[PDB]
Amino acid sequence: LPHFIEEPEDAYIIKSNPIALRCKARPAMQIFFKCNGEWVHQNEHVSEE
Amino acid sequence: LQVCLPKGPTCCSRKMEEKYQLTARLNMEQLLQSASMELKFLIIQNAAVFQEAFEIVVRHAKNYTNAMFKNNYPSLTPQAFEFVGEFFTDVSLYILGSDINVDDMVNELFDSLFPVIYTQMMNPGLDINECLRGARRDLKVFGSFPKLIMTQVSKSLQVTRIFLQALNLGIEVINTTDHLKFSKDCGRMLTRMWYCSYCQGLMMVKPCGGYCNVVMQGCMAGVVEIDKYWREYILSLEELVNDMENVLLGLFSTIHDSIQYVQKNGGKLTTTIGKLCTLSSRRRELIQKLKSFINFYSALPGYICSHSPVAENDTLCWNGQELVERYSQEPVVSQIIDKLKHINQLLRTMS
Ligand SMILES: *[C@@H]1O[C@H](CO)[C@@H](O)[C@H](O)[C@H]1NC(C)=O
């Protein structure tokens, strides 16, 4: 199964500075975010191979 | 027996008498809840609707202020969005009854606004931030604009806050009515009026209208005294409705003019600082519907007797102890009246 190397850590927004969430897993071909029950739009995701 | 006056024999023991007493308690509470349900739901609905409407107004005003900042002062964004969001968040928190200082809202707004104006509009090019924040108030750079906005918004926000608090306290007292526990003597009298006829072997006999009247006027002597204060509450709310949308929506124009005012003296300011460092329809319909319940506390015993099974003819009826041909003839209440007096004084002082 895919093993997470960098699990996303709970972020805190300070002075309206948008802080992104990191996610890294191996072996992985697709990694997506499910924020509050629903899938996040494809445009918001930034993948690194 | 301790409730059922045994005139002849009796078909019920002491435990059955306790069961009848508990059923009397449940019946009285259910009748009060049925009496209070329409008014309770009316005030709950209006409280929720007005809360959502005020939040919509605050969000729209924040959006309008942000849009006019985007359009007229792009050099102040995105910092402008931060202090506008904080200002209107504190606005909503004050509307919903939280301990927020209105003067502190306006002062923090101008304290955050001045440094970005100086750095991006007047002297283009983090530690010196506090010197600018101090100079804002020490040099009175915004003139009378902060006090103008302060009074303009405090006047409307206090009346809106007290309107919501009044709605919530009305919900509270109307909720208390159907949970009003009564005396033990009244428990025994209600047990006699509703059930003790069954202990004497009668199946369908109802109590006399006059006996229901004496029993109800017996245990509602305290509850009826609330009627004066409830009427004064209704009328004071009517006094208050006769305001906040226009103020919060003109805030952007006032702030824009204040920014122009500060930019007007930029010559001296830069050198000195470089050296130094359908709503009204809703409240009207609410008051017109609330005036239909002004008799709520005075008509309450009449409701209990007219919705309980009674012999209105006062013929062949139960008088609490025997079947006759013709009939012969509080701490929580104090709290309700105290809170009504308080909210009524607060209302009257507002208008
Ligand atoms: C947003 O995504 C980009 C691309 O992966 C990344 O460079 C940046 O750190 C992210 N920003 C935040 C707020 O996480």
Requested in this report: Divide by every residue of the protein assembly as shown the summed helix terms, -39500 (n - 2.57) for each DSSP H run of at least 4, and state the resulting mean residue ellipticity at 222 nm, rounded to the nearest 500 deg cm²/dmol.
Outcome: -21000 deg cm²/dmol
Report summary line: Label model pair residue B:172, residue B:307: point-to-point distance (7 angstrom along the Cα→beta-carbon line) in nm is 2.5
Query raised in the report: Once the Cβ-Cβ distance between residue B:1 and residue B:27 is put in as r, and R0 is 30 Å, what FRET efficiency do you end up with, to the nearest 0.05?
Result: 0.90
Query - FRET E, pair residue B:86, residue B:338, Förster distance 35 Å, beta-carbon r, rounded to 0.05 - result: 0.40
Report summary line: FRET efficiency for residue B:133 and residue B:281 from the Cβ-Cβ distance with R0 = 56 Å, rounded to 0.05, comes out at 0.80
Requested in this report: Using Cα positions and a limit of under 13 Å, work out the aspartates and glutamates in reach of residue A:24, with same-chain residues fewer than 8 apart set aside.
Outcome: A:6, A:7, A:9, A:48, A:49
Query raised in the report: Taking Cα centroids, how far is segment A:4-49 from segment B:74-127 in Å?
Result: 31
Query raised in the report: Cα centroid distance between segment B:22-40 and segment B:134-210, in Å?
Result: 17
Query raised in the report: Any idea what the dipole of segment B:238-351 comes to, in debye rounded to 20, about its Cα centre with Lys/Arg Cβ at +1 and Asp/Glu Cβ at -1?
Result: 1100
Query raised in the report: Quick one: if you stick a label point 7 Å off each Cα along the C-beta vector at residue B:158 and residue B:268, how many nm between them?
Result: 3.4
Report summary line: Once the in-chain neighbours fewer than 8 apart are removed, the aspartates and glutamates whose Cα is under 20 Å from residue B:7 read B:17, B:18, B:185, B:322, B:325
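Taking the Cβ of residue B:278 as the center, what net charge do the other residues with Cβ under 12 Å away carry, scoring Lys and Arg +1 and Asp and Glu -1?
+1
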Report task. Could you check the simple spin-label distance between residue A:15 and residue A:30, using points 7 Å along Cα→Cβ, in nm with one decimal? Result -> 4.0
Query - Greater than 22 Å apart at Cα, pairs in B:291/B:341; B:181/B:339; B:228/B:341; B:206/B:228 - result: B:206/B:228
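So basically every Cβ, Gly included, is an ideal-geometry build from the backbone, and we count neighbours across all protein chains shown. Where a number appears in this text, it was derived from the coordinates with a stated rule and is not lab data.
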